[PDB]
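Take a look at this single chain, the form deposited in one PDB entry, given in structure tokens.
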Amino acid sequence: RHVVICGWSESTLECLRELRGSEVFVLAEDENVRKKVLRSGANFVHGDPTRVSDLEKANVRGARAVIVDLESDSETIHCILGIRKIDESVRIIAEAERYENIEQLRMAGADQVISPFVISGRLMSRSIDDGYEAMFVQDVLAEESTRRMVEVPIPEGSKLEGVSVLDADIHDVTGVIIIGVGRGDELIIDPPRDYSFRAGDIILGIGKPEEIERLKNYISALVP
């Protein structure tokens, strides 16, 4: 369903570009952004992201997720708490500008924290001789390039449910590179040949559309 974004910045703008076709509500105090927000395809809700009543009129309750990106560390936390007073289920992803705050966001109830500068800093250190690593990260994330990164859940009653990674041989079968498996908020990279896929497991891979579609079929569940 719908996604709510609290605040506005270059990150959320790029995020909207990726969420077009999806119903998105942007709640922010700076009306100067209404134009850009509306152009970007999102519904603009003028209001205070740290206020429960405004979060509510922004349709936070029942949202699929709420992305929080406010300049103030304090406001981000107050926003998180406000969201939590409305809906305890909704996934909350918060942007952090300082490493020192990542845990306070966690404490407040954020399910995930994205730190643009940690990522930027590491790409800088990895780009001293060439930019292949930076290129990788950018390519696999560029919505529609030769090969892209995707995640596919292993549905209940999946064809591979109970099968081993070795027995699966997903790469030779589909052509998709398996970079990891997500299970219970934990990512297992390059799992042992004896790792057995289970429903709910999330497969992270890199491949072409055809290869991806092939993976979807290979992971489909045996049900009418």
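A residue's number is simply how far along the shown sequence it sits, counting from 1. Heads up, when I say rigid core I mean the largest set of C-alphas that superpose within 1.5 Å between the two forms.
- Comparing the deposited coordinates for 64 to 72 and 193 to 201, the stretch with the larger average C-alpha B-factor is 193 to 201.
- When the mean C-alpha temperature factors of 54 to 62 and 165 to 173 are read from the deposited coordinates, 165 to 173 comes out higher.
- Comparing the C-alpha B-factors of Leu141, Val118, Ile86, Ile80 in the entry, the top value falls on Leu141.
- Ranked by Cα temperature factor within the chain, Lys159 sits in the highest third according to the deposited record.
- Looking at the C-alpha B-factors along this chain, the one for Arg91 belongs to the lowest third.
- Annotation for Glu186: C-alpha temperature factor in the highest third relative to the rest of the modelled chain, per the entry.
- Compared with the other modelled residues of the chain, the Cα B-factor recorded for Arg98 ranks in the lowest third.
- When the CA B factors of the chain's modelled residues are split into thirds, the value for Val137 lands in the highest one.
The same protein also has a form deposited in another entry, omitted here; what follows describes it.
- Shown in the overlay between this form and the one not shown, fitted on the rigid core, is a CA shift at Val24 smaller than 2 Å.
- For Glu133, a C-alpha deviation of 2 angstroms or more is recorded between this form and the one not shown after rigid-core alignment.
- Positional change of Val152 between this form and the one not shown reaches 2 Å or more at the C-alpha, relative to the superposed core.
- One change in the other entry concerns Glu156 and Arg91, whose Cα atoms lie at least 3 Å farther apart than in this form.
- Relative to this form, in the other entry the C-alpha atoms of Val24 and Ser145 separate from one another by 3 angstroms or more.
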